[PDB]
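Two forms of the same protein chain are encoded below as structure tokens; each is given separately, as structure 1 and structure 2.
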Structure 1
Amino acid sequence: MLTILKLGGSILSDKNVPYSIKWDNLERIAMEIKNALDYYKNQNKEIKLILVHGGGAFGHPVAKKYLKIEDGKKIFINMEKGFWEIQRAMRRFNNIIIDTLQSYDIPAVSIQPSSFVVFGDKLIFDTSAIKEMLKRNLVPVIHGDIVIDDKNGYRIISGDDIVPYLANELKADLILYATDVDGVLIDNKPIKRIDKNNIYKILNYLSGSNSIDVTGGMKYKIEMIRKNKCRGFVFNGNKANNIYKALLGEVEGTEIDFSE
């Protein structure tokens, strides 16, 4: 069984204080992932786990310096300094996360997309090594990064790109989205279930004016799950034991289900 847990800059990092790290929250999060790895070892169930995390206060601020709008558009400039500057900021934040996971004996290792992913209409993103890590029970930790594209330019690959890509590429069963809110909210209240008998109803409600999330972040997540025909949870990752629960298949936020 293959689970992908998306953390995200936010709960790990205050994006208004640059290079900032919410040590306490990060530390509890490693506690919980450890607790859950223990649980699965005790109950003899096979689990493969991949973690993904955003740039947080590390990548966005370094990157903003190298972005400009030209003719109403995003373009990266000065990347002879800027590719390394962003890589280096992300490396540091990957180190902090991985050393903390390691200090609870989670066998975390680093995947750095900047070194090998090419961003086009389809990703080039060879997952051979990852499969071999999972096959050895290592825990791959992949992060938002800067990458080149196949059009003379550059792109930020985010957790939002990374996860669907891997869900699909690796046939994941469970997608966990730890976020800053309690679920997909409909009336300031997480909806328990979303499946093939309400999704469109939910997707329209999300495009509307009574929707508490108008960035369309929820929508994209819901859609990737249906698109990969699996299961996923969107939950508040700031709440004690949600990560542990989620990893056991039972946190309480919004479940999204398109498996089978």
Structure 2
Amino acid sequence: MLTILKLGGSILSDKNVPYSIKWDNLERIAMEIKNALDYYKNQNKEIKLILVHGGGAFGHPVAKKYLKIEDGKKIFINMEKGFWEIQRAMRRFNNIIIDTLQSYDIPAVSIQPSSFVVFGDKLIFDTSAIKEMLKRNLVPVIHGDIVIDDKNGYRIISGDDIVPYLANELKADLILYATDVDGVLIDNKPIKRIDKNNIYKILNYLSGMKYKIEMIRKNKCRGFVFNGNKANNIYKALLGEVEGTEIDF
């Protein structure tokens, strides 16, 4: 029923180019998601879908402006100005993505964490609204954002924080990570799987693909890391599976 597809940095926007958008790729990714949803409408299978994207060439660039290094500590400053300016950037990127999805008749809607989510100790993140939206078969689109931290004051929640959380909070049947690599690379090769056995030797090797791997296990989750730039991977990924690294916890 429920799937969480993450569109990770750099398939949507080049990081080394502030305010950049990879239009064709975005246009294609949106199409494959549509063709996927359609496929299921025939099989008459109810498939609830959530979407997550990063800060790409929007979130980061603007943030970097209010992050100062001091005593080896990432420090936000001038947040009187920084909070809005980061919000604003993520709002642009979020509109662009949602409009495109909408143009393919994907019933996407904006989820803006900065408005309600709180980091620190526990993760305060009321999924009430999201559950309802899913009951309507709407497709909530969540994005990395600036967010309050009741301990550190400010902090940047990312997709890696959001996906795992929601998958557990919402009991997701299938979680997908679209990236620019053919999966988790070991010695420059994508392992077909990651469980409870070879993991130990994997955490050492990696000593945020790690962060990602740990965040999902910390939730007995289970997801696929694949390449989003390969025409059809997303469409395949959603339908059942294609090539990529599997992570089961």
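Rigid core (definition): largest C-alpha set, two forms, superposition within 1.5 Å. Here, a residue number simply tells you its place in the sequence of structure 1, counted from 1.
Only one entry in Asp187, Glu132, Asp126, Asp105 has its C-alpha moved by 2 angstroms or more between the two structures when the rigid core is superposed, and that entry is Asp187. If you fit the rigid core between the two structures, you'll see the Cα of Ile202 move by 2 angstroms or more. Relative to the superposed core, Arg226 shifts its CA atom by 2 Å or more between the two structures. Superposed on the rigid core, the forms differ at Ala240: its CA is offset by 0.4 Å between the two structures.
Superposed on the core, the two forms differ at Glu46, whose C-alpha moves 1.0 Å between the two structures.
Superposed on the rigid core, the forms differ at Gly9: its CA is offset by 2.6 Å between the two structures.
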